[PDB]
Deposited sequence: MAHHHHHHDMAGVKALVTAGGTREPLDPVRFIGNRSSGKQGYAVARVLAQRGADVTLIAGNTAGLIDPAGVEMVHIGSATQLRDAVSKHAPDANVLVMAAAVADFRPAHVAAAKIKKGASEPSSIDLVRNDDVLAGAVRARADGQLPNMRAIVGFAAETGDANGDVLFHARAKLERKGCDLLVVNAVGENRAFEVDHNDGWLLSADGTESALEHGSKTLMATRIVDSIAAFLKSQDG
């Protein structure tokens, strides 16, 4: 059936790329594929889905989904900021670069005979939790974060991050943590099995509110 009908969902997926110059950048190895499966499952279940995609050019756009393409952690931030006020659910599956080149060159860098000075990018997810706390996001019912974790075990850092981020749900790479104390293990199955579990926890959270 269709448990996400009427639900407007904003999802980010993939890594961002922080440009050093026109051609080079700082990036990561994340694939974006678990984020895409969640966007896809959500649309399969009736949600009106907008997907902000980073470094995911080899992936198939999920059917029924509004595509928004970004490169950078700041571009991801502004795309979320543009699309956040109208959505009911936000899923932050993207590996958002926490740092950026301090200055980006306008032409291909060719050095002498060196270093990269860095500056910090905004925590988009924490900006979203905050904006809802300040009354800026009245349509928002569920903020979902992502974490790959492994001085404590996988669960020391996962609760510690759930608390620190102040969001409704944290999906850990597996575990699924709610801001109301519940935790469900994620048996290591396919990405479609995972995505379904994630969307069931979402609808369950939406219904609990």
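- Of the deposited sequence, positions 1 to 6, 120 to 122, 160 to 162, 186 to 199, 236 to 237 lack any modelled C-alpha atom.
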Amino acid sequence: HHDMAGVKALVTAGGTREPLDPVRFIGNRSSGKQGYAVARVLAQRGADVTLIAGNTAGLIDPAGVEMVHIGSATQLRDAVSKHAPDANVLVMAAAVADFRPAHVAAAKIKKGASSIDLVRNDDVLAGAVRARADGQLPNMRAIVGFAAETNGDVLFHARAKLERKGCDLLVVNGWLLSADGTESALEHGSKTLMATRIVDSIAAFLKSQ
From here on, numbers count along this sequence of modelled residues.
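Here the rigid core means the biggest group of C-alpha atoms that line up within 1.5 Å when the two forms are laid on top of each other.
- Structural divergence in 7 other deposited structures of this protein between 37 to 45 and 56 to 64: following superposition by the core, 56 to 64 has C-alpha atoms lying farther from the shown form.
- Coordinates for residue 119 are present in every one of the other compared entries of this protein that model residues on both sides of it, well short of the third needed to count it as often missing.
- Once the C-alpha B-factors are averaged per stretch, 159 to 167 and 42 to 50 rank with 159 to 167 first.
- Remark: stretch with higher mean C-alpha B factor among 20 to 28 and 184 to 192 is 184 to 192.
- Of the residues listed, 57, 65, 144, 179, the entry assigns the biggest Cα temperature factor to 179.
- Across the residues 117, 98, 78, 86, the deposited record lists the maximum Cα B factor for 117.
- Ranked by C-alpha B-factor against the other modelled residues of its chain, residue 127 falls in the middle third.
- Residue-level temperature factors show residue 70 in the lowest third of its chain, judged at the C-alpha atom.
- Sorting the modelled residues of the chain by their CA temperature factor places residue 140 in the middle third.
- Among the modelled residues of its chain, residue 113 has a C-alpha B-factor that falls in the highest third, as given in the PDB entry.
- The entry lists a Cα temperature factor for residue 105 that places it in the middle third of the chain's modelled residues.
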